[PDB]
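As a starting point, one isolated chain is supplied in structure tokens, in the form deposited in one PDB entry.
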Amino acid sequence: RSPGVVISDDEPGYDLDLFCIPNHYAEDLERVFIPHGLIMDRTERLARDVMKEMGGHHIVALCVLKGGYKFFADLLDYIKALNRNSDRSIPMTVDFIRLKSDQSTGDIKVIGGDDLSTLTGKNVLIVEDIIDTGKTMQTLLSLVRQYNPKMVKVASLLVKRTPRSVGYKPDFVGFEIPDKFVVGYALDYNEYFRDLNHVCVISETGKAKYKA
């Protein structure tokens, strides 16, 4: 059971001054955990891992849409580049499950719940950007399985190494990270950090500056 690229507690970040970061976030971050390009190369591998398990068949790519879908979009770009070479053209269904608004994350409020029965009898790939406690995903899996898919696998860019974890482990994991609050790449903080390319740890002045 590969936990992905492990970012240790004892290593962890890169120094902020080692990478290009927008000047308006100078004081808003602690460390860079995962540079943009590292995310990309790992995602390229995830796509290949996904195709070994699910390739050659239709498959339904389902984005867990909360703040954004940047990871979904990049994973799909890589999966699509792998599909190019196949002798037969393989159809690909792209869908989003939108979840509405972090201490009761297990309670899901789905907004777009139309023709959920399109999942029935289908090979479903659920794509998440971050798993923390894992409560959201385990309840989302309860919903999805009631529609009887042929197969359900979950890919998550990030899994947080927390005691608060309920023990849910995704089938595909990009990176296993320390138990710190991260922003950037695909993760916004109240609509900020959208322009930050790298997964980084928010600072306390960032937390205070950008609060809702």
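For clarity, a rigid core is taken as the largest C-alpha set superposing within 1.5 Å between two forms. Heads up: residue numbers just count along the shown sequence, starting at 1.
Missing here is the form deposited in another entry; even so, the following discussion is about that form.
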Once the core is aligned, does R84 move its Cα by at least 2 Å between the shown form and the other one? no
Core-aligned CA displacement of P35 at least 2 Å between the shown form and the other one: no
Core fit, then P178 C-alpha moves 2 Å or more between the shown form and the other one: no
